[PDB]
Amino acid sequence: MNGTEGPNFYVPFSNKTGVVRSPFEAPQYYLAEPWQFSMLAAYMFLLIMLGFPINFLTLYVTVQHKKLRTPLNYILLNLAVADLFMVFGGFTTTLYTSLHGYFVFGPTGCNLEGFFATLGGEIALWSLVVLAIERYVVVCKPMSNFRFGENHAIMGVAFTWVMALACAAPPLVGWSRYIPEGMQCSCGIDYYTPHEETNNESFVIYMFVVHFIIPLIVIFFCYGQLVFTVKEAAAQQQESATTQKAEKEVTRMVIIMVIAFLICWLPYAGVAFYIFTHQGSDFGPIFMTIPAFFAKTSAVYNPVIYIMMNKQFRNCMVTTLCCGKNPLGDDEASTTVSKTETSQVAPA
């Protein structure tokens, strides 16, 4: 047998030499060099020491600042809140495991690492649709006087906070199970085994379409509608109104965010799709570790985006960090506001 299936796991290592042991009961150093595990352990650390201050940062700002209440603004708060969970929710454990060399918390732990990770990523994928929608509703405006209010925004927050939930939820209650991958440090869905007990079989097809293929379309498609309308080409202050040229930046951002997704996941979705269609092939632990751990940057490449492609936010952020005011720079140029300082509304 190429790998070693346990009733709880599947080590991508042959037990010909009888050296394989449950990733729930002992270090997996026989899978790779111990310094290699120290490697994963640091990586995560950085992630935790980074993705934390930054995402927290975000929350605390949006909260404080009163004008930051646009769709985009509502989506990116979520993301920050989802990511705050991955980190404290599961990234922390992955570190634990890494620092030990195996899931010491056994299955409860893998159910953490797995759950959160899955959810947070699904949410990120879904949020990328609640967006395509809006982007379409503002660029191709199929309406007359319909505006995407904060109310429609909180809807998505629920929509996504649920759709992505009915994804990382089942493997915790009979439908599918979470199982360690690569060097047994990370946890994911079970692609490796058929395990009729939980029909890992059905659950995987359910997600390769209803939680991937579909959202992929929905987004790519909407990206087609705004092909003739707003494009990448966006001139200086205004293009048919600075309001029309300011929306083309919320759009030149969203695109990128999506890229940052199909780079953070396809490399993995591909690996996971190859292992499913070949549940037994001769693949090694390094095979799924790299594409998997790489996808964990997911918890950080979003605020960076938004903090570089959102004059509004970025300015409003430095205002928060410079304690008092000192907007310096060249302000948002357009709207600005905060908790009280420049929070003054000037709408209609």
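Think of the rigid core as the biggest set of C-alphas that the two forms share within 1.5 Å after superposition. When you see a residue number, it is the position in the sequence shown, counting from 1.
- Message: Rigid core superposition, C-alpha RMS per stretch in 4 other deposited structures of this protein: which comes out larger, 259-267 or 237-245?
- Response: Evaluated in 4 other deposited structures of this protein, the stretch farther from the shown form is 237-245.
- Farther-lying stretch by C-alpha RMS in 4 other deposited structures of this protein (rigid core fit) among 272-280, 162-170: If we average over structures and residues in 4 other deposited structures of this protein, the farther stretch is 272-280.
- Take the C-alpha B-factors listed in the entry for 329-337 and for 15-23, compute each mean, and give the stretch with the larger one. Going by the record's values, the stretch with the higher mean is 329-337.
- Item | Mean Cα B-factor comparison, 246-254 or 119-127, giving the higher one as deposited | Comparing 119-127 with 246-254, the higher average CA B-factor belongs to 246-254.
- Taking the values straight from the PDB record, which of 176, 144, 108, 93 has the highest C-alpha temperature factor? Top of the list by C-alpha B-factor: 144.
- Tell me, please, which of 203, 103, 192, 136 has the highest C-alpha B factor according to the deposited entry? Out of 203, 103, 192, 136, the record gives the largest C-alpha B-factor to 136.
- Task: Divide the modelled residues of the chain into thirds by Cα B-factor and specify which third, lowest, middle or highest, holds residue 215.
- Result: Middle third, going by the recorded CA B-factors of the chain.
- Message: When the deposited Cα B-factors of this chain's modelled residues are ordered and cut into thirds, is residue 268 in the lowest, the middle or the highest one?
- Response: Lowest third of the chain for residue 268's C-alpha B-factor.
- Message: Per the entry's values, where does residue 88 land by CA temperature factor relative to the rest of its chain, in the lowest, middle or highest third?
- Response: Answer is lowest: the recorded C-alpha B-factor places it there.
- What third of its chain, lowest, middle or highest, does the C-alpha temperature factor of residue 162 fall into? It belongs to the middle third of the chain when residues are ordered by C-alpha B-factor.
- Query: By the record's CA B-factor, is residue 42 among the lowest, middle or highest third of residues in the chain?
  - Reply: Ranked within chain, residue 42 CA B lands in the lowest tercile.
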